[PDB]
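Okay, structure first, notes after.
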Amino acid sequence: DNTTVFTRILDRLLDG
Amino acid sequence: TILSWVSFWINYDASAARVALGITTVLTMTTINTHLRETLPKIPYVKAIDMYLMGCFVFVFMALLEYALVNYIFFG
Amino acid sequence: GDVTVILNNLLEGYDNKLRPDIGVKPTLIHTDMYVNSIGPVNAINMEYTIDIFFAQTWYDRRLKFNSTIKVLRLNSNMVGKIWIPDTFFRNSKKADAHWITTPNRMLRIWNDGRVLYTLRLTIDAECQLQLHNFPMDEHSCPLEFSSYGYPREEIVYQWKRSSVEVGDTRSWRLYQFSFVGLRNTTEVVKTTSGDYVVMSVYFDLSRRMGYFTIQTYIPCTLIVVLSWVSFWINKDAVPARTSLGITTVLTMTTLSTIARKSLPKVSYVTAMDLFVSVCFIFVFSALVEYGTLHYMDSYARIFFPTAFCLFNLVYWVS
Amino acid sequence: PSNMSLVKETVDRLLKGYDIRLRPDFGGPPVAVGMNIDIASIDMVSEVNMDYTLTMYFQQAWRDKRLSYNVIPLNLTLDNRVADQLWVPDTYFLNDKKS
Ligand SMILES: *[C@@H]1O[C@H](CO)[C@@H](O[C@@H]2O[C@H](CO)[C@@H](O[C@@H]3O[C@H](CO[C@H]4O[C@H](CO)[C@@H](O)[C@H](O[C@H]5O[C@H](CO)[C@@H](O)[C@H](O)[C@@H]5O)[C@@H]4O)[C@@H](O)[C@H](O[C@H]4O[C@H](CO)[C@@H](O)[C@H](O)[C@@H]4O[C@H]4O[C@H](CO)[C@@H](O)[C@H](O)[C@@H]4O)[C@@H]3O)[C@H](O)[C@H]2NC(C)=O)[C@H](O)[C@H]1NC(C)=O
Ligand SMILES: *[C@@H]1O[C@H](CO)[C@@H](O[C@@H]2O[C@H](CO)[C@@H](O[C@@H]3O[C@H](CO[C@H]4O[C@H](CO)[C@@H](O)[C@H](O)[C@@H]4O)[C@@H](O)[C@H](O[C@H]4O[C@H](CO)[C@@H](O)[C@H](O)[C@@H]4O)[C@@H]3O)[C@H](O)[C@H]2NC(C)=O)[C@H](O)[C@H]1NC(C)=O
Ligand SMILES: *[C@@H]1O[C@H](CO)[C@@H](O[C@@H]2O[C@H](CO)[C@@H](O[C@@H]3O[C@H](CO)[C@@H](O)[C@H](O)[C@@H]3O)[C@H](O)[C@H]2NC(C)=O)[C@H](O)[C@H]1NC(C)=O
Ligand SMILES: CC(=O)[C@H]1CC[C@H]2[C@@H]3CC[C@H]4C[C@H](O)CC[C@]4(C)[C@H]3CC[C@]12C
Ligand SMILES: Cc1ccc(-c2nc3ccc(C)cn3c2CC(=O)N(C)C)cc1
Ligand SMILES: *[C@@H]1O[C@H](CO)[C@@H](O)[C@H](O)[C@H]1NC(C)=O
Ligand SMILES: CCCCCCCCCCCC
Ligand SMILES: CCCCCCCCCCCC
Ligand SMILES: CCCCCCCC
Ligand SMILES: CCCCCCCC
Ligand SMILES: CCCCCCCC
Ligand SMILES: CCCCCCCC
Ligand SMILES: CCCCCCCC
Ligand SMILES: CCCCCCCC
């Protein structure tokens, strides 16, 4: 859960 | 260097002998130095092997110049 | 077809990352080899090349199928789809499989679960040659291999009945040595990651000295005879005697240098080094014999050949 | 066959939802990566190239809470290819010229 935030940040970055 | 000294026991009136012996000895010293240095990299300073080879070269060259000195004292 | 469905069923729900019987029992692997050729033995670099057809078989309950088809004979395509043991060679400086035209791999799957997996390899194995006596050195060059990560409790190796299917030795690139035989061992080595079963093949190689005789020994004996002939030359010929002696000893130094160049950089005197040293003694002694003569000849004319022959007998018999 | 299925489920659960990009404890304290070396050979120390060739079993261990399992009482040694799916330290040797 602690690392999930940065995972979502990276996924949002690479999206589109 | 040891066989360079046998020139000293040879007769003084043997220029063709002592000169040839000293020349062969000094040229072989040069060849050995160059062969050793070729294996090593192009290193710009004297190493311990370099300084020992140079000392022995000075010794054999001194023996050759010793015969030269004897010849110039007798004939010249 | 009837075979494609079998492969699809086999690979369906197949975890490639898990070894067979993980957490149940160690996976027994039977390894066999066909030594196609023992390549050049690089005594200078303490390594030798060997080309092998390395085969390993094991049972995988996941890869079992019942049908009229008895075996699934497949190319390298299916090698990466199923679990293959991580067999590495412990003493290989550099090894590479063959890929031309396609990867040189074979894979056969029986009904019971046998998975015969073979591939062609060119291993530059590391043989720790001990050339204390050269060029008469005899070496038992090993070839170890074990699982890299699976301990003794997870991957066990074993030798099949056929020890090693060594090929015909006529075509081998082994010029220096002669292949005497092969011997296998299986021992449990302990290391930091665990206990690993290691299987080693020792190939016994015996050196041949014919090239070294015509290369080093014969020239040194001939130059020693050149040192000998100085005695028969008249003593009054000072330049002739001195020239012969100096040419002999200096070319002896050059021959010693090249002969040592043939050897690696090791700090111990070898048999060839002993022979060249004795030749040094002989040529230098002849030069000193004329040096003391100018400042006896018949005694040298006998002693030098007899001493050389006696030393030759003593040296060669050893 | 129970152990095989349980291990497959455990490994699949571990690898599922795993981000290789983020290091362990990302946005937190540094991860302690212990290192162990077992030198197997020093092939040649050449002065011409001013270099030495060294062969070793370079081992490193670190704690990753994402890869923690407790259902099975044993240590899972996996295929080497799983290293391509797990975060590993970006260790490098500043001296190496060809490795
Ligand atoms: C640092 O960078 C270097 C490169 O700068 C990386 O090295 C490269 O790594 C890649 C990926 O691991 C290698 O690609 C693989 O090559 C396989 C065959 O390689 C042979 O040919 C190449 C030339 O193309 C040679 O350079 C190789 O020789 C060198 O490598 C070997 C070790 O592999 C050494 O031992 C040698 O001494 C050389 O150093 C080889 O001769 C190729 O088969 C493979 O492709 C298969 O696997 C992939 C996996 O995804 C599949 O997608 C693909 O379809 C193939 O799968 C088929 O074939 C296999 C064969 O068994 C079957 O099992 C499958 O089922 C399927 O049928 C892959 O392409 C590359 O060779 C290598 N070297 C280079 C580029 O020079 C380092 O990895 C990298 N990291 C580190 C830590 O160093
Ligand atoms: C999965 O992998 C882990 C780690 O690799 C294994 O855990 C190791 O199990 C072995 C089995 O015995 C342990 O070995 C011994 O453990 C004893 C317990 O000491 C604990 O407590 C002290 C307290 O300070 C800790 O320092 C220590 O690390 C342990 O946590 C030790 O007392 C032993 O010490 C000496 O034992 C023999 C005696 O002859 C010596 O030869 C040894 O060299 C050593 O000096 C010994 O260490 C080991 O400690 C465990 N390590 C860890 C990290 O847990 C699991 O067993 C493995 N799972 C499997 C195999 O299923
Ligand atoms: C290569 O390795 C294999 C396996 O380690 C060696 O074969 C094994 O040799 C031993 C001793 O010769 C065999 O044990 C003996 O078997 C005979 C016949 O059954 C029996 O009468 C004896 O009492 C003893 O048990 C062993 O069976 C055999 N392995 C197999 C699978 O048959 C082989 O010798 C090695 N090659 C070498 C060293 O060159
Ligand atoms: C009188 C005498 O003893 C003679 C004997 C041998 C002579 C030397 C030979 C090498 C010469 C090289 C160059 O020609 C410079 C002078 C040089 C060093 C000479 C100096 C005088 C010497 C010592
Ligand atoms: C233990 C073992 C035995 C034989 C093989 C093997 N499989 C093949 C397939 C094809 C070709 C050409 C050669 N193969 C060879 C090697 C061989 O038998 N030679 C060279 C006579 C592999 C492992
Ligand atoms: C394969 O089928 C045969 C006959 O249907 C059966 O006897 C055998 O047990 C089967 N093997 C399996 C399911 O592994
Ligand atoms: C720069 C170092 C000098 C190298 C030559 C050394 C020669 C000294 C020995 C002479 C003995 C007579
Ligand atoms: C002078 C003759 C030199 C060669 C002698 C060889 C003797 C045979 C040795 C064979 C090994 C025992
Ligand atoms: C740099 C020291 C040289 C010493 C030369 C000795 C006499 C030729
Ligand atoms: C060493 C060279 C100078 C002295 C030579 C002998 C007297 C002329
Ligand atoms: C093979 C080198 C030695 C040959 C014997 C010579 C004896 C005079
Ligand atoms: C090489 C052998 C011939 C010399 C012997 C005869 C001289 C007395
Ligand atoms: C120091 C080299 C040998 C000298 C011998 C000369 C004759 C007694
Ligand atoms: C006077 C000595 C004669 C030498 C006989 C041959 C020795 C090889």
Side-chain angles (χ1 to χ4, degrees), chain C residues 15-31 54 56-62 82-93 95 115 117 123 125-126 142-159 184-202, chain D residues 2-4 6-8 10-11 14-15 24 31-42 54-89 91:
Chain C
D15 197 352
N16 184 26
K17 295 175 291 292
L18 302 185
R19 71 168 183 88
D21 314 317
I22 193 175
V24 178
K25 91 184 74 62
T27 305
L28 214 174
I29 296 173
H30 291 90
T31 76
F54 179 70
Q56 37 187 196
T57 181
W58 64 94
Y59 281 81
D60 195 333
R61 308 195 326 273
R62 300 172 290 181
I82 61 167
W83 180 91
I84 264 72
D86 52 358
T87 302
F88 83 105
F89 293 83
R90 313 191 108 268
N91 63 335
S92 66
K93 292 190 175 184
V115 183
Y117 162 68
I123 301 150
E126 172 183 8
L143 178 64
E144 298 120 321
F145 59 90
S146 62
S147 64
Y148 189 86
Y150 297 93
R152 173 256 303 269
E153 294 81 347
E154 305 205 35
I155 281 288
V156 171
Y157 284 93
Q158 192 175 94
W159 284 110
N184 66 50
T185 54
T186 303
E187 55 102 337
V188 189
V189 71
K190 191 189 312 298
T191 177
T192 174
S193 45
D195 310 6
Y196 294 90
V197 48
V198 167
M199 310 231 300
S200 60
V201 190
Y202 306 96
Chain D
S2 62
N3 280 274
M4 264 285 300
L6 183 52
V7 171
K8 177 172 60 180
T10 301
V11 178
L14 290 188
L15 282 173
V31 51
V33 176
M35 301 202 170
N36 194 305
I37 302 189
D38 190 306
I39 292 122
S41 178
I42 301 187
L54 168 138
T55 307
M56 58 176 175
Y57 296 87
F58 178 73
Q59 183 228 70
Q60 36 193 4
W62 65 96
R63 274 279 294 270
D64 196 334
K65 301 302 296 174
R66 301 172 295 180
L67 300 179
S68 62
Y69 63 94
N70 63 336
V71 297
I72 57 175
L74 72 158
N75 303 349
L76 294 178
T77 163
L78 305 179
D79 281 53
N80 57 93
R81 61 226 304 178
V82 83
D84 299 336
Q85 311 172 17
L86 295 178
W87 181 95
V88 297
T91 296

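As a basis for the values below, the full set of heavy atoms in this structure was taken, side chains included, without hydrogen atoms, waters or symmetry mates. A, B, ... follow the sequence lines: proteins, then strands. Residue 1 opens every chain.
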What residues form a side-chain contact (heavy atoms from CB on, under 4.5 Å) with C/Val188, not counting sequence neighbours?
C/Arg152, C/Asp195
Give me the atom names and distance for the closest heavy-atom approach of C/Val197 to C/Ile155.
CG1-O, 3.3 Å
Tell me, with the steps shown, if C/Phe89 and C/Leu143 meet side chain to side chain contact (heavy atoms under 4.5 Å, CB included).
CA-CA 7 Å; C/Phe89 293 83; C/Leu143 178 64; 3.7 Å; yes
So, for C/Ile29 and C/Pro85, which heavy atoms are closest and what is the spacing to 0.1 Å?
CD1-CB, 3.5 Å
Decide yes or no for D/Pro24 and D/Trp87: does some side-chain heavy atom of the first lie under 4.5 Å from some side-chain heavy atom of the second?
yes
Any heavy-atom pair between the side chains of D/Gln59 and D/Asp38 that's under 4.5 Å?
no
Correct closest heavy-atom pair for D/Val88 and D/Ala83 would be CG1-O, 4.5 Å
Can you tell if the side chain of D/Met35 reaches within under 4.5 Å of the side chain of D/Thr91, non-hydrogen atoms only?
yes
Is there a donor-acceptor contact under 3.5 Å linking the side chains of C/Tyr150 and C/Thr27?
no
Which value, rounded to the nearest 0.5 Å, describes the distance between C/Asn16 atom CG and C/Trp83 atom CH2?
10.0 Å
Close side-chain approach of D/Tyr69 to D/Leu76, heavy-atom, < 4.5 Å
yes
Paired with D/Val82, the side-chain contact (heavy atoms from CB on, under 4.5 Å) test is passed by just one of D/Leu14, D/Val11, D/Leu15, namely D/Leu15
Flag, side chain of C/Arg19 to backbone of C/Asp21, donor-acceptor distance under 3.5 Å:
yes
Of all heavy-atom pairs between C/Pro151 and C/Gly149, which one has the smallest distance, and what is that distance?
CD-O, 3.3 Å
dist C/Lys25:NZ -> D/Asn3:CG (nearest 0.5 Å) comes out at 11.0 Å
Distance (rounded to the nearest 0.5 Å) between D/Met56 CE and D/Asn36 CG:
11.5 Å
Give the C-alpha distance, both sets of side-chain angles, the deciding distance and a yes or no for side chain to side chain contact (heavy atoms under 4.5 Å, CB included) between C/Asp86 and D/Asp79.
CA-CA 8 Å; C/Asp86 52 358; D/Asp79 281 53; over 6 Å; no
Rounded to the nearest 0.5 Å, what separates atom OG in C/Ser200 from atom CZ in C/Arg90?
11.0 Å
Side-chain contact, heavy-atom cut-off 4.5 Å: D/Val31 with D/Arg63?
no
Roughly how far, to the nearest 0.5 Å, is the OG1 atom of D/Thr55 from the CD1 atom of D/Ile39?
10.0 Å
Ring centres of C/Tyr196 and C/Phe88 under 6.0 Å apart?
no
Expected output: side-chain C/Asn91 to main-chain C/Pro142 donor-acceptor under 3.5 Å
yes
Partner of C/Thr87 by side chain to side chain donor-acceptor pair (under 3.5 Å), out of C/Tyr117, C/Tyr157, C/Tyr148
C/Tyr157
Heavy-atom closest contact (D/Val33 atom, D/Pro89 atom, distance)
CG1-CG, 3.7 Å
Rounded to the nearest 0.5 Å, what separation is found between the OH atom of C/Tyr202 and the CG atom of C/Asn184?
10.0 Å
Short side-chain to backbone donor-acceptor contact, C/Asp60 and C/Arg62, under 3.5 Å:
yes
State, to 0.1 Å, how close C/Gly23 and D/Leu74 come at their nearest heavy-atom pair, and which atoms those are.
CA-CD1, 3.8 Å
For the residue pair C/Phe54 and C/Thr31, establish whether any side-chain heavy-atom pair is separated by less than 4.5 Å.
yes
